[PDB]
Amino acid sequence: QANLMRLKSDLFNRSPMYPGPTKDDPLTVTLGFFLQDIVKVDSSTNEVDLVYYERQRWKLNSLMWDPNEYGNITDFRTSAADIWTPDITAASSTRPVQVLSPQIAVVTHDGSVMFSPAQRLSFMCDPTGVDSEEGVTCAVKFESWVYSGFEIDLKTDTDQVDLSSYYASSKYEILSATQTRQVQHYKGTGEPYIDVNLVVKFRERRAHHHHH
Amino acid sequence: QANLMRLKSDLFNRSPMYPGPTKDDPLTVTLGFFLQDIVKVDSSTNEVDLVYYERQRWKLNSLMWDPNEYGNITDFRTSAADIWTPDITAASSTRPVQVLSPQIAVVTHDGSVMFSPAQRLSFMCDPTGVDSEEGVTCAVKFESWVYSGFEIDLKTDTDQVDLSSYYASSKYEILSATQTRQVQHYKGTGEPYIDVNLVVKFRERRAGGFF
Amino acid sequence: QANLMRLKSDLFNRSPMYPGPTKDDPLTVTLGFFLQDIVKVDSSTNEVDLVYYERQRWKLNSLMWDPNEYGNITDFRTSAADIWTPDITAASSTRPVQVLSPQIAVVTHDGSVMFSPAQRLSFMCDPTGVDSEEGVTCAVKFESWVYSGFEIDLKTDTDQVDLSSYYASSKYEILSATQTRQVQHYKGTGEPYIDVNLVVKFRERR
Amino acid sequence: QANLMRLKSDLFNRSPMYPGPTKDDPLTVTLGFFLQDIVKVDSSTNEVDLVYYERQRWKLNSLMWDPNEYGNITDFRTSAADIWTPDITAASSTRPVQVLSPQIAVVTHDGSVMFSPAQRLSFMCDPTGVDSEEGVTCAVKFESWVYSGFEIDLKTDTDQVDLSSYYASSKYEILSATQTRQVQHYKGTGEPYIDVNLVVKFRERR
Amino acid sequence: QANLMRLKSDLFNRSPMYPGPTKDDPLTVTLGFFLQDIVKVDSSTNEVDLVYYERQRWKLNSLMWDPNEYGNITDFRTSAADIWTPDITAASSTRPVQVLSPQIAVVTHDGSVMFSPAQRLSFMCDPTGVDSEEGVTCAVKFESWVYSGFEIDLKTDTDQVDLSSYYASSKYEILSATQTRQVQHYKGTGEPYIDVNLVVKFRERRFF
Ligand SMILES: [Cl-]
Ligand SMILES: [Cl-]
Ligand SMILES: [Cl-]
Ligand SMILES: [Cl-]
Ligand SMILES: [Cl-]
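Scoring rules and cut-offs
Residues numbered from 1 in each chain as written, not as in the entry; some residues may be left out. Chains lettered and ligands numbered in written order. Heavy atoms only, no water. Residues with missing side-chain atoms left out of burial classes, pairs and counts. Helix = DSSP H or I, 4+ residues; strand = E, 2+ residues; numbered from the N terminus. Buried < 20%, exposed > 50% of the residue type's maximum accessible area, 1.4 Å probe, protein only. Areas by Shrake-Rupley, 256 points an atom, 1.4 Å probe, with all protein chains shown as cover. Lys, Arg positive; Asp, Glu negative; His and termini not counted. Charge placed at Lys NZ, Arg CZ, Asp CG, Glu CD. Pairing = 2+ DSSP bridges. Axes fitted to C-alpha atoms, helices over the stretch in contact; angles between N-to-C directions. Salt bridge = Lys/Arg side-chain N within 4 Å of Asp/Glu carboxyl O. Disulfide = S-S within 2.5 Å. Contact = heavy atoms within 4.5 Å. Nonpolar A, V, L, I, M, F, W, Y, C, P; charged D, E, K, R; others polar. Expected span 1.5 Å × (residues − 1). Polar contact = N/O pair within 3.5 Å; in protein donor to acceptor, adjacent residues only side chain to side chain. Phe/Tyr/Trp six-rings, centres within 6.5 Å; stacked < 30°, edge-to-face > 60°. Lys NZ or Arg CZ within 6 Å of the ring centre and 35° of its normal. Patch = residues over 30% accessible without salt bridge, like charges linked within 9 Å, V, L, I, M, F, W, Y side chains within 5 Å.

As summarised from the PDB record, the model derives from X-ray crystallography at a stated resolution of 2.60 Å.

Printed below as a string of structure tokens:
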């Protein structure tokens, strides 16, 4: 308790917060998607609702410490308000993303941050053909809304979306689910930016006592 | 009033907040569920909505005091913002949990904290067969989202969900309701983590029902 | 303006906030319900929606002052964030209560606080029979979620719910509406706690 | 920029906020409604949804300044959080009011404040007869939730609701729309309070 | 990291925030709309729902710096809470606008600010005729809610709404989409104010 209090005090109260990347000090954020359910499909509005969590990893020198100086603490948990987090946005959402997990991150002695927000997302998807063998395919790009490719790079460890927590009794069966890094260019300023394109192909399933 | 003001001042304004558990100083959180209603079932989205409250208990040395030093105060109530609370999460929720009770906890002179949030939860459940005698079974795991089993352990006092506040005129009759501690392992990591599995077996209310 | 600024400064900035009742210094909260409408009835989910306001009264020595010392001010209005308020909860709600009025209370020179939140509440109610002469009865208990009867007592001034603001053209006609203090015990006779039971008997209007 | 920074610093950082009216220093608030649409009518719940904006005007000595001392600035815009605003409430709402405009007010050198919140409101209204020639009438009272008539008075500049921004292709046609000051009396208290009664007569478009 | 920390500290902690424009120091805000989808149409309430993002640009002397004094930093990203932003409002909305993007802006060494909020908007629109060839036309004015034309001017770089991110499989096909500056006058005070009128002509999606 006491060593961790010191560690957090040293990291967060002494110095200000990481202000974000720049051209001279860019940052790489690694993303992985863990799809849990296709909850809803709306053929009258062409909206589909996903529940997933999104593993995000990055690394900052400012969050390094020597474990020997803090009782051999190698990592800790702390509110996401205590740190900078990347502004990763679903570019074709139709409602604000709903947060399903606590806004808490894991910080490791080398300055690695892991943040794994669970989300419910409504996004643009025509579900016509979902009730067939071939099913339907839909896509959503995840990107930093404000940083170019000169400041932020996004990558994946694998192009396969993890389906190991996918709900076994979902209304919808997943045929294919990929997460692919792409290079893109803004309209008015033509400078590059990175996205990770989530492409999911799916179809309807077939074969002294108180407290109150 | 005056003694309590001193007590809260001494506990909360002197020291910073408990920063959470670590490998060297882990924490045990005890959970108990008090199911009040199955409000809704949606067969087109495979979502079911529960209303319950969840008794949570844990213990911290930093919240100890000697009652003799504070006018024989043995316990007090305080806003949950004044203290650390565990990040217990329904792992198969489909909407943010809605809070139905005040965010207030009870702290006791030995450093025990009791926090009993009432919640409405939407979660993943195929209700096909709910309109039969046998009914349907659904499950939801409750776990710390960010702490492994090295930092947080979860347990129960009993594996039976309390149904004593269950709505007598619910659309749904509870046939069985259990809360069972389970050991689990993360995919990429491989290190262990604990959940409490809430398993509820229910059906649409009928006169009476296997004869 | 100036005298009130002094008064609020003296009450709120000098001392900390009232920390809540204890066994040695318990508190009595008086409740009164003013039912305005039964807005919705859902027979598929057994939920009913009420709109009402709820008069709450309590009294603290820490909020007393002598009017002579503050330009004869007998009472004032202030944000509910400036003071402690009781944690009165509908025990069978199914959604978070929606707030329909400003979170502002009235404080009086004797230390009386009056807080009258307007609310929309969804709660557990089987409405089967609402479309008959006899109608249907539903109940919801209002209680402190965290305080026992040793710390908080609840009472009413009358056991009759006030229907003087009840919407004349509601879909639902009120046959009876009562608010009754009850003594209760946590689980298998644990320590006591108080609730006010709101019982409303109603039917479709003719 | 610099003069305005000084002005705001002088008004908001030196003195505390206006604490609200009292019996000895009451306040007059003028209201005007600008009805933009009847968006929805629900005959199963007797709820109707309006979109409008509400001009509110009041005056405080504490917000006066001499323009000559601040580069001839006669008025400015500032966040509503920087000032006191009246607690004007629709008394028969069924959902929390949704805010459609930025919470920003206009302050003028004589201490006049203009605040014009756009709102979407659900309120109690039986729409039976809306699909006829005569249409239907509905009413909603706007009042301070916590202040009596001894502390707050409400007035209008005209008893005619402004329909100049009313949506030309609404589902509903407005036949008449009035805003009328009324004197009222509390149940338990008996002391007076003021409301402005918004009465709208409308029907389905033909 | 260190130079940017200094820059932000110098701009935001030393001086107070820009207090907004005045008659003597007015501000020009340039708007551009990027329509992404017509999500919904409700013929029973005459409401239509758009998803778009809105590029906003303005310029303040108080946000200037010399890049040479801050490790050649030419621009940075920062929370919109750190700065003044214009109060641009859809005048015929029927629900609060829902925010779909992070509230973060880009500031450039000359004092230019770019803020590009993605929004979902419900607004007043009779969709009768949407299921025909000719389709239907709807309009929504975007304006400062509180500032007159003496304090705020709005303009566009083009009168064509950008449709390059418009969802190819939307229920609704865009026939035409324009963004036009207009001069307007308040009722009681007869002084001018500016809006940008977004006019969208569309129809339900449909050679054999
Ligand atoms: Cl950081
Ligand atoms: Cl703590
Ligand atoms: Cl208090
Ligand atoms: Cl003020
Ligand atoms: Cl600024």
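1. Some remarks on the overall build of chain E
Across its full length, chain E holds 1 helix and 12 strands. Each helix (α) and strand (β) of chain E, taken in turn from the N terminus, gives the series α-β-β-β-β-β-β-β-β-β-β-β-β. Classification of the 208 residues of chain E by burial places 54% in the buried group. By element, 47% of the accessible surface of chain E is carried by carbon and sulfur atoms, the whole surface being about 9100 Å². Chain E carries 20 positive and 28 negative side-chain charges, and their two centres are separated by 3 Å.

2. Things to note about the overall build of chain C
Helix and strand counts for chain C come out as 1 helix and 12 strands. In terms of its C-alpha atoms, chain C occupies a principal-axis envelope of roughly 60 × 45 × 25 Å. Measuring between centres, the 20 positive side-chain charges of chain C sit 3 Å from its 28 negative side-chain charges.

3. What about the sheet that holds strand 11 (residues 172-185) of chain E?
All names here are of chain E. With antiparallel pairing, 4 strands are arranged side by side in an open sheet as 4-9-12-11. At either end of the open sheet lies a strand with only one pairing partner, and these are strand 4 (88-90) and strand 11. For this sheet the average axis-to-axis angle between neighbouring strands, irrespective of direction, equals 25 degrees. Across 3 bridges, strand 4 lies against strand 9 (residues 136-144) in antiparallel orientation. Each bridged residue has a counterpart across the sheet, and for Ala-90 the counterpart in strand 9 is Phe-142.

4. Structural notes on the pattern of salt bridges
Within the structure shown, the criterion is met by 44 salt bridges over all chains. Across the pair A:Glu47 and E:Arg120 runs a salt bridge, and its minimum N-O distance is 2.9 Å. In this pair, A:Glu47 sits in strand 2 (residues 47-64) while E:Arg120 sits in strand 8 (residues 118-124), so the two residues belong to two different chains. When its relative accessible area of 2% is taken as the criterion, E:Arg120 is described as buried. What emerges from the salt-bridge pattern is a single network uniting A:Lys23, A:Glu151, E:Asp75 and E:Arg77.

5. Side note on the state of the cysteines
Residues and elements named next belong to chain B. Considering all chains together, one arrives at 5 disulfides over all chains under this definition. Paired by a disulfide, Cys-125 and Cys-138 hold their sulfur atoms 2.0 Å apart. The sign of the S-S torsion, about 90 degrees, decides the handedness of the disulfide formed by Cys-125 and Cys-138: right-handed. Taken together, the residues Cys-125 in the loop between strand 8 (118-124) and strand 9 (136-144) and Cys-138 in strand 9 connect sequence positions 13 residues apart. Here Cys-125 and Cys-138 have matching classes, each one buried.

6. Some remarks on the interface of chain C and chain A
Where the parts come together, the accessible area they lose is often given as the size of the interface. Listed as interface residues are 12 residues of chain C and, on the opposing side, 5 residues of chain A. The class makeup of the residues in the side of chain C that touches chain A is 6 nonpolar, 3 polar and 3 charged.

7. Some words on unusual backbone geometry
A positive phi is found at C:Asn72, a non-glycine position, where the angle reads about 60 degrees. Note on placement: C:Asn72 falls in the loop between strand 2 (47-64) and strand 3 (75-79).

8. Quick notes on helix 1 (residues 2-14) of chain E
Here helix 1 of chain E spans 17 Å end to end across 13 residues, near enough to the 18 Å set by a 1.5 Å rise per residue. Looking at the buried side of helix 1 of chain E, the elements it contacts are strand 2 (47-64) and strand 3 (75-79) of chain E.

9. Looking at the sheet that holds strand 12 (residues 192-204) of chain A
Residues and elements named next belong to chain A. Pairing is antiparallel across the open sheet formed by 4 strands, whose spatial order is 4-9-12-11. Because the sheet does not close on itself, it has two edges, and the strands there are strand 4 (88-90) and strand 11 (172-185). Neighbour-to-neighbour, the strand axes of this sheet turn through a mean angle of 25 degrees, independent of strand direction. Relative to strand 12, strand 9 (residues 136-144) is paired through 8 bridges, and the arrangement is antiparallel. Each bridged residue has a counterpart across the sheet, and for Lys-141 the counterpart in strand 12 is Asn-197.

10. Some details on the interface of chain A and chain B
With 34 residues of chain A at the interface, the matching set in chain B holds 35 residues. Of all the secondary-structure elements, those providing two or more residues to the side of chain A that touches chain B are helix 1 (2-14), strand 1 (27-42), strand 2, strand 3 (75-79), strand 5 (98-99), strand 6 (104-108) and strand 8 (118-124) of chain A. Of all the elements, strand 1 of chain A adds the most residues to the side of chain A that touches chain B, at 4 residues. Residue composition of the side of chain A that touches chain B, grouped by class: 12 nonpolar, 14 polar and 8 charged.

11. Looking at the arrangement of the chains
With 6 pairs of chains in contact, the largest contact count belongs to chains A and B. In this assembly chain B lies apart from chain E, the nearest approach of their C-alpha atoms being 17 Å.

12. With respect to the side chain of C:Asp87
Following the sequence through the fold, C:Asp87 ends up in the loop between strand 3 and strand 4 (88-90). Of the side chains with opposite charge, B:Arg77 comes closest to the buried, unpaired C:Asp87, at an N-O distance of 7.9 Å. Within the local environment of C:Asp87, its side chain forms a polar contact with the side chain of C:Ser144, the two groups lying 2.6 Å apart. Within polar-contact distance, the side chain of C:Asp87 engages the backbone nitrogen of C:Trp145 at 3.0 Å. Each residue touching C:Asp87, except ones within four places of it in the same chain, is listed here: B:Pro102, B:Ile104, C:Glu143, C:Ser144, C:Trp145, C:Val146, C:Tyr147 and C:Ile152.

13. A closer look at the packing of aromatic side chains
The tally for this structure, following the rule as stated, stands at 54 aromatic pairs over all chains. With a centroid separation of 4.6 Å and 10 degrees between ring planes, the pair formed by E:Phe34 and E:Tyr53 is classed as stacked. Taken as a pair, E:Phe34 in strand 1 (residues 27-42) and E:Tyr53 in strand 2 lie far apart in primary sequence, 19 residues in all. Ring centres 5.4 Å apart and planes at 45 degrees place the aromatic pair E:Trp65 and E:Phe76 in the tilted group. Of this pair, E:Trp65 sits in the loop between strand 2 and strand 3 while E:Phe76 sits in strand 3, and the two are 11 residues apart along the sequence. For the pair shown, E:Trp65 and E:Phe76 are each scored as buried. Among the aromatic residues, those joined into a cluster by ring pairs are A:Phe12, A:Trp65 and A:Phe76. Above the face of the D:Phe34 ring, D:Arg55 is positioned so that its terminal group lies 4.7 Å from the ring centre.

14. Regarding a positive patch on the surface
Together, A:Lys40, A:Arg95, B:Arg95, C:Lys40, C:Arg95, D:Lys40, D:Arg95, E:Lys40 and E:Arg95 line one region of the surface with positive charge. By the element assignment, A:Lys40 lies in strand 1. Taking the relative accessible area as the measure of exposure, A:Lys40 reaches 30% and is therefore partly exposed.

15. Observations concerning the environment of C:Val136
Residue and element names in this part refer to chain C. Counting through the fold element by element, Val-136 comes out in strand 9 (residues 136-144). For the pair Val-136 and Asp-24, spaced 112 residues apart in the sequence, the C-alpha separation amounts to 43 Å. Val-136 has contacts with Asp-126, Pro-127, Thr-128, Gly-129, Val-130, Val-200, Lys-201 and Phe-202, leaving out every residue within four places of it along the chain.

16. Remarks on the environment of B:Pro192
Residues and elements named next belong to chain B. As for its position among the elements, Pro-192 is in strand 12 (residues 192-204). As for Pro-192 and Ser-148, which are separated by 44 residues in sequence, their C-alpha atoms are 6.1 Å apart. Filtering out sequence-adjacent residues up to four positions away, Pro-192 remains in contact with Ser-148, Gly-149, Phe-150, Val-183, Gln-184, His-185 and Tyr-186.

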